[PDB]
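# Fold and contact review
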Amino acid sequence: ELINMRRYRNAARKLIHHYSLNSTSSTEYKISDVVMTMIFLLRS
Amino acid sequence: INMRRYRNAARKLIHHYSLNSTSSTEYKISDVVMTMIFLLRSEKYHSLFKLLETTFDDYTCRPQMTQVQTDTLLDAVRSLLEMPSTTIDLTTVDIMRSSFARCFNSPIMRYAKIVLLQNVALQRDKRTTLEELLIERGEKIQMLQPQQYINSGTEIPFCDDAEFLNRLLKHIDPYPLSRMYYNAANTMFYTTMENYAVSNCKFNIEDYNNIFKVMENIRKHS
Amino acid sequence: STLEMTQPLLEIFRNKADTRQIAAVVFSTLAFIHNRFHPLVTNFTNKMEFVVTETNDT
């Protein structure tokens, strides 16, 4: 098995921070990124 | 030892330096001394008391509180203002502290030296400019869609019964007038200069001087 | 009062409960000023959404 949970978590945390606090749209960030977020959350 | 009276002065001083300082001539060196004594008595508040006394042109090894200690400090603050509806950011308190530093560094006497300035002590080692406001910019606005629009309660309403509204007016007649302004409008939209909390671009008396030349036109042109 | 029996002001503005009432307050007040300065052209058509922002950085 080989997955970069590390970078995934990193981007995901950054995401969740800004997203949950801005409460609004994420033009910097992408669907791939939220996907990796949920991936982290499944594997953790 | 009228701890009671001393506290009573202290709270007034707190509001006067923090926010919405509607009061006048609040200042009294004896009263602030009573404040310091009250602080000393306040064993629970000794942390804040020592922080405050620390105010001098040195300030290396700031308190460096753990966030827990800061939270307890804010608890004290709210318990001592006894108007806890908000917890202000520590930075406002540190700014009042800088004002107290000015108070210390003052061989200033019978002369009526009103401070007559907004303190510049909010800095984070940055520089700021009016045209640079265009660079602060609404790129963020472009990065955000507006939340929503809907038609509900739609279009153009209009006024209700004049007589009922006079009935309501009668409750308004008793109240004083223009003191409401002198409290709210004056204080609030003077202190709006707080917005310079963003790396303190300087205030400019000049455009605020618009007010007379702009309002005059009503009378000037009947 | 006509505006849905306007509810307690400062908390209605507080709490991030619903953008809708905030936007309605804004629109209605603006139309009111429009009318006061001149009832001759009572209103203005253009629909739009509106932005709230939550950060000192703005």
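The scheme used for residues numbers each chain from 1 in its written sequence order. That scheme is not guaranteed to match the entry numbering, and residues without coordinates are omitted from view. Lettering for chains starts from A, numbering for ligands starts from 1, and both go in the order in which the items are written. Note that the chains on view sit within a larger assembly, with every value limited to the chains on view. Based on all heavy atoms of the structure, the side-chain values leave hydrogens and waters out of the count.

Method of determination for the deposited model, per the PDB record: cryo-EM, at 4.78 Å resolution.

## Things to note about the overall build of chain A
Rules: For the purposes of this entry, the term helix denotes a DSSP run of H or I that reaches at least four residues, the term strand denotes a run of E that reaches at least two, and both are numbered from the N terminus. The classification of residues rests on relative accessible area computed with a 1.4 Å probe and restricted to protein chains. Under 20% of the type maximum is buried, over 50% is exposed, and intermediate values are partly exposed. Note on areas: these come from Shrake-Rupley sampling with a 1.4 Å probe, and a residue is covered only by the protein chains present in the view.
Helices and strands together make up the secondary structure of chain A, namely 2 helices and 0 strands. Here chain A holds 44 residues, and 23% of them are scored as buried. Only carbon and sulfur atoms are counted for the fraction: they give 60% of the accessible area of chain A, which is about 3600 Å².

## Concerning the overall build of chain C
The test is simple: A radius of gyration in this sense is built from C-alpha atoms; the matching globule rule multiplies 2.2 Å by the number of residues raised to 0.38. Neither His nor the chain ends contribute to the count of charged residues, in which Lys and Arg are positive and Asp and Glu negative. In plain terms, the charge of a residue is placed at NZ if it is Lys, CZ if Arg, CG if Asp and CD if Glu.
Counting its regular elements, chain C contains 2 helices and 0 strands. Against the compact-globule benchmark of 10 Å for 58 residues, chain C has a radius of gyration of 14 Å, which places it well outside the compact range. Each principal axis of the C-alpha distribution contributes one length, and for chain C these read about 40 × 30 × 20 Å. Counting all 58 residues of chain C, 5% fall into the buried class. Accessible surface, chain C as shown: approximately 4900 Å² in total, 67% of it carbon and sulfur. Where the 5 positive side-chain charges of chain C centre and where its 6 negative ones centre are 8 Å apart.

## Description of the pattern of salt bridges
Worth spelling out the cut-off: The rule for a salt bridge is simple: a side-chain nitrogen of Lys or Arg has to be within 4 Å of a carboxyl oxygen of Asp or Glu.
Applying the stated criterion across every chain yields a total of 6 salt bridges over all chains. When the shortest N-O distance is used, the salt bridge between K14 of chain A and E28 of chain A registers 3.5 Å. Of the two residues, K14 of chain A is situated in helix α1 (residues 5–22) and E28 of chain A in the loop between α1 and α2 (31–43); the sequence distance between them amounts to 14 residues. For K14 of chain A, a relative accessible area of 44% translates into the label partly exposed. For the salt bridge of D94 of chain B with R97 of chain B, the shortest nitrogen-to-oxygen distance reads 2.5 Å. You can see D94 of chain B and its partner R97 of chain B sitting in helix α5 (residues 90–104), 3 residues apart, about one turn around the helix. Since its relative accessible area comes to 27%, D94 of chain B is described here as partly exposed.

## Comments concerning a nonpolar patch on the surface
Note the threshold: Excluding any residue in a salt bridge, patches collect residues exceeding 30% relative accessible area, merging like charges within 9 Å and nonpolar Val, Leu, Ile, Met, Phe, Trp and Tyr side chains within 5 Å.
Side chains of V25, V26, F27, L30, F32, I33, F44, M48 and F50 of chain C sit close together on the surface and give an oily, nonpolar patch of about 790 Å² of accessible area. Here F50 of chain C is to be found in the segment after α2 (19–37).

## Details of the interface of chain B and chain C
This is how it is decided: Any two residues whose heavy atoms approach within 4.5 Å are treated as being in contact. Here's the idea: put two parts together, see how much 1.4 Å probe accessible area each one loses, and the total over both is what we call buried area.
Opposite the 18 residues of chain B that make contact, chain C presents 17 residues. Summed over both sides, the interface of chain B with chain C buries roughly 1600 Å², with 53% coming from carbon and sulfur. Three residues stand out in chain B for area buried against chain C, namely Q147, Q148 and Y149 of chain B, and they jointly supply 32% of the buried area on that side. Between chain B and chain C we count 0 salt bridges in total.

## Details of the packing of aromatic side chains
Keep this limit in mind: Any pair of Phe, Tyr and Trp rings, taking the six-membered ring for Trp, is counted once the centres come within 6.5 Å. Such a pair is stacked with planes under 30 degrees apart, edge-to-face with planes over 60 apart, and tilted for the rest. Criterion for a charge above a ring: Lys NZ or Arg CZ within 6 Å of the ring centre, and within 35 degrees of the ring normal.
A full pass over the atoms with the stated rule returns 4 aromatic pairs over all chains. With centroids separated by 5.3 Å and ring planes inclined at 75°, the aromatic side chains of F203 of chain B and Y208 of chain B adopt a geometry described as edge-to-face. Judged by relative accessible area, which is 28%, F203 of chain B ranks as partly exposed. Centre to centre, the rings of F27 of chain C and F44 of chain C are 6.1 Å apart; their planes meet at 35°, and the pair counts as tilted. Taken together, the positions of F27 of chain C in helix α2 and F44 of chain C in the segment after α2 put the pair 17 residues apart, joining distant regions of the chain. With a relative accessible area of 32%, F27 of chain C lands in the partly exposed category. Exposure remark for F44 of chain C: the relative accessible area of 35% places this residue in the partly exposed category. The ring centre of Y27 of chain B lies 5.1 Å from the NZ or CZ of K28 of chain B, which sits over that ring. Sitting over the ring of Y59 of chain B, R97 of chain B keeps its end group 3.6 Å from the ring centre.

## Remarks on α2 of chain C
Residues and elements named next belong to chain C. The condition that has to hold: What a helix is expected to span follows from its residue count: subtract one and scale by 1.5 Å. The arc refers to the directions leading from the helix axis to the C-beta atoms. For this analysis, a polar contact is any N or O atom pair within 3.5 Å, provided that within protein one partner can donate a hydrogen and the other can accept it, and provided that sequence-adjacent residues contribute only side-chain to side-chain pairs.
Helix length check: α2, at 19 residues, gives a terminal C-alpha distance of 27 Å against a target of 27 Å (1.5 Å per residue), a fit within 8%. Those residues of α2 not exposed but buried are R20, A31 and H34. Buried residues in α2, looked at end-on, bunch into an arc of 65°, giving them a common side. In this structure, α2 carries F32, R36 and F37 as exposed residues pointing more than 90 degrees from its buried face. One side-chain oxygen of the residue at the start of α2 lies 2.9 Å from the amide nitrogen of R20, identifying that residue as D18.

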